[PDB]
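Report on the following structure.
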Amino acid sequence: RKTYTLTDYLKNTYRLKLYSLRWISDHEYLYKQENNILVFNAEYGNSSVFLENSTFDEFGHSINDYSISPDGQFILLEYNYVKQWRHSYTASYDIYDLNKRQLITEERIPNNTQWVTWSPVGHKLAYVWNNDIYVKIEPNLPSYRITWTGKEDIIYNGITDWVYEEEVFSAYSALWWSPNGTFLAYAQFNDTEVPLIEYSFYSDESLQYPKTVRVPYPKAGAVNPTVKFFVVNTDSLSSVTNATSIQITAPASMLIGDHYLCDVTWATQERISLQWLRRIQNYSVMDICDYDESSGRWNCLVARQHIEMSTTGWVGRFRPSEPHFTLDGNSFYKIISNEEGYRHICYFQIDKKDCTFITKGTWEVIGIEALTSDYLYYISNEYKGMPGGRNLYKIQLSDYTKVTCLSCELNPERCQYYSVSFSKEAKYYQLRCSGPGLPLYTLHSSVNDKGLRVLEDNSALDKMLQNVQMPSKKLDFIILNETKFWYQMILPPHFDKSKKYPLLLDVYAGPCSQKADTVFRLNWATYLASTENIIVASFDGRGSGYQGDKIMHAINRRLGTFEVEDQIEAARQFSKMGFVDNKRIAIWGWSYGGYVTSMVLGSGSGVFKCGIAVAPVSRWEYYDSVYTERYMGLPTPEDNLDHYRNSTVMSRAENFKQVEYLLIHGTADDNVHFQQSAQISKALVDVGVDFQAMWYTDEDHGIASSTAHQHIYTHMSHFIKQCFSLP
Amino acid sequence: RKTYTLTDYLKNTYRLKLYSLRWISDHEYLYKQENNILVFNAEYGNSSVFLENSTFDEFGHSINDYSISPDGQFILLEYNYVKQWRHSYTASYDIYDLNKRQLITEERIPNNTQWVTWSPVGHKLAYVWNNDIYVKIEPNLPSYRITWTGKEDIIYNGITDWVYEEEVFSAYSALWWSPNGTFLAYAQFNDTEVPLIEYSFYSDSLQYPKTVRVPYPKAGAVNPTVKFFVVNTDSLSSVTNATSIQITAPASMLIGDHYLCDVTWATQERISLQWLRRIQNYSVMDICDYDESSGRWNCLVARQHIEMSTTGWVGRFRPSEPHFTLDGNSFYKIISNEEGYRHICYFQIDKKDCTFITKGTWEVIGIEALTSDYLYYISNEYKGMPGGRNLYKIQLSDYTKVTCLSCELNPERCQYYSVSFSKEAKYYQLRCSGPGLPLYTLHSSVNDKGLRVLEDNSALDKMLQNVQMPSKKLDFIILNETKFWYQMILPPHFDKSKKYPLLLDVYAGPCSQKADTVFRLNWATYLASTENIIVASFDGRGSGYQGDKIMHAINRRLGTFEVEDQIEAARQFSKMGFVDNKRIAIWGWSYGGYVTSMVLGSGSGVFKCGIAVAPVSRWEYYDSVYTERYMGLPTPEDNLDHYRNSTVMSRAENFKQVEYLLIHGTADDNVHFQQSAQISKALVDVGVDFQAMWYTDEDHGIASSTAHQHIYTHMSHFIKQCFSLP
Ligand SMILES: COc1ccccc1N1Cc2c(nc(C)c(CN)c2-c2ccc(Cl)cc2Cl)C1=O
Ligand SMILES: COc1ccccc1N1Cc2c(nc(C)c(CN)c2-c2ccc(Cl)cc2Cl)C1=O
Ligand SMILES: *[C@@H]1O[C@H](CO)[C@@H](O[C@@H]2O[C@H](CO)[C@@H](O)[C@H](O)[C@H]2NC(C)=O)[C@H](O)[C@H]1NC(C)=O
Ligand SMILES: *[C@@H]1O[C@H](CO)[C@@H](O[C@@H]2O[C@H](CO)[C@@H](O)[C@H](O)[C@H]2NC(C)=O)[C@H](O)[C@H]1NC(C)=O
Ligand SMILES: *[C@@H]1O[C@H](CO)[C@@H](O)[C@H](O)[C@H]1NC(C)=O
Ligand SMILES: *[C@@H]1O[C@H](CO)[C@@H](O)[C@H](O)[C@H]1NC(C)=O
Ligand SMILES: *[C@@H]1O[C@H](CO)[C@@H](O)[C@H](O)[C@H]1NC(C)=O
Ligand SMILES: *[C@@H]1O[C@H](CO)[C@@H](O)[C@H](O)[C@H]1NC(C)=O
Ligand SMILES: *[C@@H]1O[C@H](CO)[C@@H](O)[C@H](O)[C@H]1NC(C)=O
Ligand SMILES: *[C@@H]1O[C@H](CO)[C@@H](O)[C@H](O)[C@H]1NC(C)=O
Ligand SMILES: *[C@@H]1O[C@H](CO)[C@@H](O)[C@H](O)[C@H]1NC(C)=O
Ligand SMILES: *[C@@H]1O[C@H](CO)[C@@H](O)[C@H](O)[C@H]1NC(C)=O
Ligand SMILES: *[C@@H]1O[C@H](CO)[C@@H](O)[C@H](O)[C@H]1NC(C)=O
Ligand SMILES: *[C@H]1O[C@H](CO)[C@@H](O)[C@H](O)[C@H]1NC(C)=O
C-alpha cells in the first residue's frame with residue numbers, strides 16, 4: 001500500500017466529486033455534466049439537454065463562464081476574463097438568443113465590463129462599465145446610462161472599492177434589483193481622499209521597467225471611503241431623458257461621523273431594508289424604506305428603525321446579520337446574540353419594538369436557509385453538543401417548541417457537517433455533507449422531508465482511497481479553567497499511542513475562526529501525516545467562534561493576546577499526551593495564522609522548536625480599517641493606540657534567537673502588504689537573529705498560481721522535514 | 001591556538017592602520033590625530049597643531065568633515081550629512097575664519113546643499129542648491145546665482161544625474177574651476193525623457209510604504225542629455241545676471257546620442273573636453289581657448305584628437321585622462337597600442353599622431369605626476385606580474401631612462417603601491433597594500449631619498465603573530481597557450497596531501513582583477529583560517545591589465561567567456577591534488593552574482609552550490625552607459641540576440657542540480673531588486689527549489705552595520721551546511 005504523498009496533493013491525484021446545481025424554479029435545477037447544461041425535474045429526476053457542449057465549438061473564444069436569464073430566453077457568454085481582487089474582475093460578454101438560436105449582434109455589451117446581472121425575473125440587464133451603471137431592458141436594445149459620475153480609483157457606481165469588496169460585501173457587485181424587476185438599487189463609493197498602497201509588479205521577463213500598482217486602501221485609522229445609496233426606476237426610462245436617481249440618506253445616528261453601508265435586502269416590491277454600521281462597529285441601524293407612488297421618493301420612517309448594539313464586542317460574526325423577510329414583508333427573522341451571548345434566531349415585526357427569540361441554548365445558529373409560512377429552516381451546531389458539526393433543522397412557526405432535525409440521522413457516522421440549497425419557495429432541498437466521511441450529495445422533497453435520491457456519493461474517490469494508507473482525524477477537547485475548548489488531530493496511519501510522534505501545530509486563530517471541525521479535507525496536513533508520520537494538530541481557543549460571545553469576545557480590542565496565549569497552552573497539553581516528542585513541536589499559519597505563528601515563535605515560551613509564517617500580518621496599523629478597527633478600535637491615544645503598538649511582531653524579535661523561523665510573502669500581496677513581512681525581517685536583522693525567508697514574485701495573498709503553489713508547499717515541506725530530523 | 005573568526009571579521013578586532021594625509025602645498029600636509037588636525041613639514045618632518053580637537057566642542061552639531069581653502073584662510077564644516085547614491089549627498093555648511101578664529105554667520109551656505117568647492121587658489125566658493133549653481137566671492141558676502149533652470153529629477157546644474165554620477169564621472173560634482181579661480185565650467189543634465197525606476201521604501205512607524213523614483217536609463221532607453229557652460233567669476237554684477245558661455249559638442253557627436261566624459265583645464269584659457277558616442281567606440285577630444293576680445297570659447301575642429309576602437313570600447317571604462325604639460329601645449333595620456341597594450345603617449349597640440357614613450361607586454365595603470373623633467377606613473381611591469389603595481393619615473397629628455405622607484409624598497413612585503421604627490425611633487429607618499437602588511441612611507445623627489453616611515457602597522461603585525469592566519473598563493477595556469485592568473489587564500493598549516501573544499505570567489509566583470517598581491521582581512525580570511533576552506537579567485541578572459549586581446553575577448557558577448565573560464569578554472573583546481581571535488585562552491589556580488597548565476601545554471605556538473613548577491617539577471621535591466629559599452633544596443637539590427645541568449649532566467653532548469661542561495665536588497669537603486677525577482681520567478685516556474693534572502697531598505701552595497709553582519713553570518717551558515725562542516 002502506497003502513502004498519501006506530496007505529489008498526490010500537489011497534483012490533485014485524488015479529486016473530490018461535487019454536485020453543484022442552480023435552482024431555476026420551485027422544482028427544476030440546472031447542472032453541468034461534461035460541459036453540457038441540463039435541466040432536471042426534482043420530483044422525478046428526469047432531465048433534458050438544455051445546451052449541448054457542442055453548441056459553441058465555433059465561438060472563437062475560450063468561454064470562462066455563463067449566465068442564463070431567469071426566464072430561460074437568453075444566455076450570457078463570459079469570456080476574456082481577467083481577475084482583479086478576491087471577487088472583482090472584468091470580462092467580455094455576448095448574449096445568445098435561445099428561441100432564435102443565435103447571438104444578439106448589436107448593442108453588444110462593452111469589453112472590460114466590470115459587472116453584469118440579470119433582473120431577478122425576465123431578461124433585463126444591469127451592467128457596470130468604467131465605474132458607471134448601464135441598463136438594457138432588452139438584449140438587442142441600446143442600453144440606457146444610469147450614472148455619469150464614474151471615475152477610475154475615485155468614484156465607484158454599482159461596484160465596490162477595495163475595502164468594501166473584501167470586508168463588507170464579499171463581492172465586487174453593488175447592485176440590487178427589486179424582486180419585481182422594476183427598481184435597480186445601487187451603492188456609490190467615493191475614495192477621493194483615501195490613501196494609496198503602492199508596490200512593484202514585475203510582470204513577464206520582457207517588461208524592462210517594473211510597473212507600480214496603486215490601489216486606494218485605507219490602513220487602520222486612515223481616511224475611509226464615503227458611501228451613498230440610490231434607487232432607479234427601470235420601467236420609466238426615457239431614451240430621451242437622463243434617468244433620475246432617488247437617494248436614500250443614512251440615518252442621523254450615522255451621518256454624525258464615519259459609517260459604512262453594510263447590508264441591502266429587498267423586502268417587498270416597494271420596501272427595501274438598509275443596514276448601516278458606525279466606524280466603531282459597536283452600533284448598527286436597520287432602516288426600512290417604503291416607496292411613495294405619489295411622491296416618487298423613498299421614506300425611511302424613523303420610528304421603524306431597528307437598533308443593534310454590543311457592549312462586550314462588535315456587531316455580528318463579521319457584520320450585522322442578514323434579515324429574512326416573510327412574504328408580506330411585514331416581519332422578518334435575523335440571527336442575534338442572545339442574553340447569554342449565544343447567537344440565536346429572532347422574530348421581528350415591523351412597527352413593533354424589541355424582538356422575539358424563537359431559538360435558545362448553549363449552541364449557535366449559523367444561518368437561516370429558507371422561510372415558508374409554516375417553517376423556518378436553519379443550520380446549527382446543536383447536535384451532540386459539537387461546535388464543529390453542522391445540521392439542517394426546521395422549526396414550526398406555529399409552535400417554536402416543535403423543532404425537528406432534518407440531517408442529524410441520515411448517516412450519523414459519515415455525516416456531521418451539512419449545508420443546504422433550497423428551490424424557490426422551498427419545495428425541495430439539496431443537502432451536502434462535508435465530513436467526517438467522504439462528501440455526499442442528496443436531494444429531498446420538503447413536503448415530508450423524504451429523500452428523493454443520491455446525487456453524488458463519491459464512490460469513485462472511495463475506491464481509489466482503498467489502496468492508500470489514509471490518516472485518521474481525532475476531534476476531542478481539552479479543559480482550560482473549567483471550559484471546553486476544541487481541537488483536532490490528523491493522526492498518521494497505524495497510529496500507536498505508545499510511540500512518540502512529532503507534532504505540527506496548524507493555526508489560524510483569528511476572531512470567530514474555527515479550525516477544529518468534522519469536515520473531510522485532502523490537504524498538505526494529510527500528506528504530512530500519511531507520508532512523514534507527523535501529527536498535525538489544530539486548536540480553537542479564546543476568540544474562536546460559534547461558541548457564543550463569552551469565548552469569541554475574550555479577544556476584543558486585544559488581538560495578539562489570549563488566542564496566541566492559547567495556541568501555546570494547547571501545545572503544552574499536547575506534550576502531556578504520551579505520544580508527542582515535545583522536542584519536535586513546530587507551528588505554522590497563513591495570513592492571520594501567520595501573525596499568530598509569529599507572536600508565538602516570539603513569545604519565548606520555549607515550547608516550539610520552529611515554525612513557518614506565510615504572508616503574516618506584523619503590525620495592525622498595516623492592515624485595513626474595516627477589519628482591524630472592528631476588533632481593535634482606532635489607533636489613537638484616546639482609543640486603543642497602546643495595544644496597537646504593544647501587539648506587533650517586530651517588538652518580539654529578540655526571542656526569535658530561540659527558534660528556526662521561515663518567513664514567506666508574495667511581492668504582489670494587495671491584501672497583507674509585503675511591507676508587513678519586510679518590517680518583520682528588518683527587526684530581525686537589526687537585532688542579529690538568523691532566520692530563513694522566501695518571497696514570491698507577483699504572487700498575492702493566496703500564492704495560488706500553479707507553479708507558486710507547488711513551490712511554496714515544496715519549500716515548506718523541506719523546512720519541516722529538516723526541523724524534525726525526518727529522513 | 002586561535003584563528004581568524006567570523007566575529008573578528010564583523011567586529012573589526014584586528015584593525016589595519018592607515019595614513020591619510022591631505023597635501024596642502026608643496027611641502028606640507030594635514031593629518032588627523034586624536035581628532036586633532038596637524039600640519040606636517042615634509043622636508044624636515046616637524047609638526048604643530050593646526051586645529052585643536054576642542055575648537056568646536058560647542059558646535060551643537062556632529063561634524064562630518066572639513067575642507068580648508070587653498071590660501072589657508074578659511075575652513076568649511078560639513079554637518080547634517082545625508083547620503084544619497086554612491087558619491088552624492090546633502091549637508092549643512094558653516095565657514096570658519098582662521099585669522100579671526102570665528103564662524104562666519106552672514107550669507108551662510110543653505111541647508112541641503114548638494115555640493116561645495118573652493119577655487120583651486122584663493123578662497124572662492126561654488127555651491128549647488130536645488131540644482132542651481134551659486135558662487136560666493138568672499139565667505140561673508142551674498143552669493144551670486146549662476147543658473148535658474150534647476151529642477152528636481154529633471155534639470156541638473158553643476159551636479160550629475162544618476163547615470164553620470166555612477167558611470168561617467170564617479171562623482172556628484174559637475175563643476176570645474178579654472179586653475180586661476182577665474183572661470184567656472186559646469187555641465188548641465190536634462191533627464192526630461194529619461195524613464196523612472198520605481199521601488200518601495202518601507203523605512204521605520206511609517207504606515208504607507210514610500211515609493212522612490214529615480215531617472216534611470218536602462219539599456220536602450222532614452223539617455224539624459226548634456227550641455228556645457230563656462231562663466232567668468234571676476235565679472236559678477238550684483239545687478240545683472242551671469243552670462244554663461246556655452247561650448248557645444250563637436251558635430252561628429254551631435255548627429256546622435258553622446259556623452260561628455262571628460263573635463264580637464266589645461267591652462268587659464270584652455271579647456272580640454274572629451275565626448276563619447278552612445279556607441280562607445282569613438283570619442284572626440286576638443287581643445288577650447290578663451291578669447292579676450294570676443295568672449296566666446298573656440299574649439300578649432302582642426303585640432304581635435306580622435307579615438308576609435310575596432311576590437312572593443314574606448315579606454316578601460318572610459319576614455320583616459322590627459323595630463324597637460326604646464327605651458328598647456330602638449331599632454332600625455334594612456335592609449336592602447338598596436339599590440340593592444342595600454343602605454344603612455346605624448347601629444348602635441350596641432351601635430352598629428354602621438355608618440356609612445358612606453359612599450360611592452362604589460363600596462364601603465366595610471367599617470368601620477370608631471371614635472372619638467374620626469375613623468376611619474378604606476379604600472380605592472382615588475383616581474384611581469386599583472387597583479388602587482390609599482391611606481392616609476394621616466395626622463396622626459398630620454399624616454400629610455402626609466403627608473404623604478406618602489407620595486408626594491410621592500411621586494412618581499414611590498415609589491416603593490418599607490419602614490420600621493422604634493423602640489424608640484426617635491427615629495428610623494430608611497431603606499432603599499434601587500435602582499436605584506438600595508439606600509440606608509442614618505443620620499444623627496446630631489447633624488448628619491450627615503451625621508452621617513454609614517455605607518456608600518458607594527459601594532460597589527462604583533463597581534464597577528466598570535467593568530468593562525470591563512471597564507472595567500474598567487475600564480476597562473478596556461479590555457480590555449482595563455483597565462484591566466486589566479487590566487488588562493490590557503491588555510492593555516494596547509495597540507496597538499498589533504499583534501500580541501502574550495503570556494504570560488506568571483507567577480508569577473510570586464511577589466512576586473514581578482515588575482516592580485518593585495519593584503520586583505522575579509523570574509524575569505526575567516527573561511528580559510530577557521531573553516532579550512534580554500535578561497536580562490538581566477539582572472540579569465542575579459543579581465544584587465546593584460547592587453548586588449550584578453551580584455552576585449554568579451555566584447556558584445558557578456559555572460560560567455562568570463563563564465564566558461566570561471567568554470568574551467570575550477571576544473572583545473574580539482575586537477576591539483578588538494579581539492580575535494582565533491583565540495584566546490586561559488587559566490588560573487590553584483591556582476592559577480594550574475595556570473596555566479598550563469599555558472600550555476602550551466603549544468604557544468606562542477607559546483608555543488610553557490611550564492612549570488614545582488615546579481616544582474618538580464619542585461620536590459622541594467623543601466624545604459626555600463627551595459628551598452630560591452631553589449632551595444634538591444635535592437636534586432638545590433639546585439640539584441642545575445643542580450644536574449646545571455647540571461648539567467650533561461651538557464652533555470654539547470655538549477656535543479658545545485659543548492660542556490662539568492663540575496664538582494666529591496667532598495668537597490670543600482671542593480672534593481674527586479675533582477676532577482678525575475679530570477680526567482682523563473683525558478684518557481686520550472687519547479688526548482690532554492691534558498692533566498694531579501695534585505696529591507698538595503699541598497700547594492702548591503703552595508704549598514706546590522707545588514708552587513710547579517711548577510712555574512714547567513715552566508716556562512718549556508719556554506720558550512722553545503723560542506724557538512726562542524
Ligand atoms: C480560511 O481563512 C484563511 C485561511 C488561510 C489563509 C487565508 C485565509 N483567509 C484570511 C481572510 C480570508 N477571507 C477574508 C475575507 C479575510 C478578511 N479580508 C481574511 C483575513 C483576515 C484577517 C487578516 Cl489579518 C487577513 C485576512 Cl486576508 C481568508 O479566507
Ligand atoms: C569589484 O567591484 C565590486 C566588487 C564587489 C562588490 C561590488 C563591486 N562593484 C561593482 C561595481 C562597482 N563600482 C561601480 C562603479 C560599478 C558600476 N556600476 C559596479 C558595477 C559593475 C557591474 C555591474 Cl553589473 C553592477 C555594478 Cl554596481 C563596485 O565596486
Ligand atoms: C468625492 O468626495 C470628494 C471629497 O469630498 C468631493 O470633492 C470635493 O467636492 C466639494 C464640492 O466640489 C468640495 O468640498 C471640494 O472642491 C472637493 N474636495 C476634495 C477633497 O476634492 C467630490 O465631490 C466627491 N465626488 C462625488 C462624485 O461625489
Ligand atoms: C530639457 O529637455 C526637454 C526635452 O528633453 C526640453 O523640453 C522641450 O523643449 C521644447 C522647446 O522648449 C518644448 O516646446 C517642449 O515642450 C519640450 N518637450 C518635452 C519632451 O518636454 C526642455 O526645454 C529642456 N530644458 C532645458 C533647460 O534644457
Ligand atoms: C460533450 O458532450 C457529450 C455528450 O453529448 C459528451 O459525451 C462529451 O464527452 C462531451 N465533451 C466534453 C467533456 O467537452
Ligand atoms: C420530466 O418528465 C415529464 C414527463 O415527460 C416532462 O413533462 C418534463 O418535461 C420532464 N422534465 C424535464 C426536466 O425534462
Ligand atoms: C445627462 O447628463 C449628462 C451629464 O451631466 C449630460 O451630458 C446630458 O446633457 C444629459 N443627457 C441628456 C442627453 O439629456
Ligand atoms: C413591480 O412593482 C412596481 C412597484 O410595486 C410596479 O410599479 C410595477 O408595475 C411592477 N411590475 C410587475 C412585474 O407587475
Ligand atoms: C485560566 O486562568 C488563568 C489564571 O486566571 C489564566 O492565566 C489563563 O489564561 C486561563 N486560561 C484560559 C484559557 O481561560
Ligand atoms: C617646522 O619647523 C620650522 C623651523 O622651526 C618652523 O618654522 C615651522 O613652523 C615648523 N612647522 C610645523 C609644521 O610645525
Ligand atoms: C539649517 O536648518 C535649521 C533648522 O532649524 C535652521 O535653524 C538653520 O537656520 C538652517 N541653516 C540655514 C543656512 O538656514
Ligand atoms: C586668470 O586668467 C584670466 C584669463 O583671461 C585673467 O583674466 C585673470 O586676470 C587671471 N586671474 C588671476 C587671479 O590672475
Ligand atoms: C581553448 O580552446 C577551446 C577551443 O579550441 C575553447 O573552447 C576555449 O574557450 C579555450 N580556452 C581559453 C581559455 O581560451
Ligand atoms: C471588444 O474587442 C473585441 C475583441 O475581443 C472586438 O472584436 C469587439 O468589437 C469589442 N467589443 C465591444 C462590444 O466593444
Side-chain angles (χ1 to χ4, degrees), chain A residues 195-200 202-210 212 214 217 219-222 619 621-622 635 645 663 665 667 673-699 705-712 714-715 717-718, chain B residues 195-200 202-203 205-209 211 213 216 218-221 617-618 620-621 634 647 649-650 664 666 672-674 676-698 704-711 713-714 716-717:
Chain A
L196 295 182
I197 177 91
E198 298 184 350
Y199 57 90
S200 301
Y202 304 97
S203 173
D204 288 290
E205 189 169 341
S206 56
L207 183 68
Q208 201 174 17
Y209 287 76
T212 293
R214 286 173 252 256
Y217 180 117
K219 265 130 182 319
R619 169 178 213 238
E621 273 118 315
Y622 295 157
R645 308 215 141 116
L663 182 62
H665 215 125
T667 81
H673 306 142
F674 180 83
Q675 171 189 40
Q676 312 243 22
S677 285
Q679 293 292 358
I680 287 180
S681 64
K682 190 153 67 58
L684 287 183
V685 163
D686 282 18
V687 111
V689 177
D690 194 35
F691 68 102
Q692 297 222 82
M694 176 58 67
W695 78 74
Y696 278 96
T697 317
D698 294 339
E699 289 290 343
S705 81
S706 186
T707 50
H709 177 262
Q710 312 218 46
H711 196 266
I712 174 168
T714 304
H715 196 63
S717 300
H718 285 330
Chain B
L196 304 167
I197 183 47
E198 299 179 343
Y199 56 92
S200 297
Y202 315 94
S203 159
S205 78
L206 177 67
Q207 199 173 31
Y208 292 67
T211 301
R213 300 182 217 282
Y216 184 121
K218 303 192 176 263
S617 62
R618 80 192 312 244
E620 287 106 307
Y621 292 161
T647 82
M649 288 65 73
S650 75
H664 205 134
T666 69
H672 302 133
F673 183 83
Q674 175 179 43
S676 273
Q678 293 292 347
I679 291 182
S680 61
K681 173 153 55 60
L683 293 173
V684 165
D685 286 355
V686 80
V688 171
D689 183 44
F690 70 94
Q691 287 254 121
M693 178 70 54
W694 75 75
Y695 280 99
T696 309
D697 291 9
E698 293 304 317
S704 84
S705 190
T706 51
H708 177 259
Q709 300 191 53
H710 192 274
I711 187 181
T713 303
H714 196 80
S716 310
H717 287 319

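Labels below follow one simple rule: chain letters A, B, ... track the order of the sequence lines, proteins then strands, and each chain is numbered from 1.
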Report which part of [X] has an atom under 4.5 Å of a heavy atom belonging to chain B: side chain, backbone, both, or neither.
X: A:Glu621; value: both
X: A:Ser705; value: neither
X: A:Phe691; value: both
X: A:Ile712; value: neither

| query | Under 6.0 Å between the ring centres of A:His673 and B:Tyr208? | reply | no
| task | Any chance you could lay out the side-chain hydrogen bond (donor to acceptor under 3.5 Å, both in side chains) test for B:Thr696 and B:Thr666, step after step, and finish with the verdict? | result | CA-CA 5 Å; B:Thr696 309; B:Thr666 69; 5.3 Å; no
| said: I'd like to know if A:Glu198 and A:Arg214 make a salt bridge, using a cut-off of under 4.0 Å between side-chain N and carboxylate O. | reply: yes
| remark: One option among B:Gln678, B:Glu698, B:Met649 has the most heavy-atom pairs under 4.5 Å with chain A, and it is B:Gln678
| Quick check: does any side chain N or O of B:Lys681 sit under 3.5 Å from a backbone N or O of A:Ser203, one acting as donor and the other as acceptor? | yes
| task | Measure up the B:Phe673 and A:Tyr202 rings against each other and bin them: parallel (under 30°), tilted (30 to 60°), perpendicular (over 60°). | result | tilted
| query | Which answer fits B:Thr647, side chain, backbone, both or neither, if we ask what part of it has an atom under 4.5 Å from a heavy atom of chain A? | reply | side chain
